[PDB]
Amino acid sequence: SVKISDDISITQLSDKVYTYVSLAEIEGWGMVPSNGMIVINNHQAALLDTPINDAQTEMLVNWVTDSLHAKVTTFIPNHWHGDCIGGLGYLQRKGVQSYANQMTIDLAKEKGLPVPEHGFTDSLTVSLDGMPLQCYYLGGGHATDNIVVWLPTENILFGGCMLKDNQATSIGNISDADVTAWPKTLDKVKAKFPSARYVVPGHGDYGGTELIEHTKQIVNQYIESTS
């Protein structure tokens, strides 16, 4: 897991897919690593989630063209939080096509946050110059608008913050959560992606299909420890 900056780390899953970790300070939580993925194909790149601000985004964008030699032409945010579209303003200054769950669009619109240009309500297959990128909204969880991105040709699943990492014992920031549905949403995720090789969470180390079951119990535990 190489470093590309003082606050940005990279790991390589396959020849086309990468995962990055950007360090940032969040009032109330302190130093916290946020994950995102980079997908490449025929010199073009699709960025899933951006760091929390334009500086880290810019760095990350230049590293892609410099080390991977690819133009960032596509962006998909997991949901409306800072650790997903924090640096979308930058990306837009550079003409990047943005795609998101329609709800993410409405939330950013009313909160004066930069807005993505194409919403979907259930699913969206975005073609990165040939290579498919499948986005789905299977219900609320960490956030009401959260989606997942599936890569049919890599069996790699980007779950975002609806999925916690194996070393997590806390349910985390449930300020915009929909704990009522979260549990049902997780079931649909394991049902839909049985053969997932890699499963990347919004915070923490990646792993296999087991992060889904691990997160399912952190939540159930919470619904009852507070009920």
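Numbering starts at 1 and runs along the sequence shown.
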Assert higher mean C-alpha B factor (31 to 39 or 198 to 206, deposited values) equals 31 to 39
Ranked by mean Cα B-factor in the entry, 105 to 113 and 74 to 82, top stretch is 105 to 113
When the entry's CA B-factors for 48, 191, 45, 60 are compared, the highest one belongs to 60
One of 87, 95, 132, 141 has the largest Cα B-factor in the entry, namely 95
Here the Cα B-factor of residue 211, set against its chain, lands in the third termed lowest
By the entry's values, the third containing the CA B factor of residue 161 is the lowest
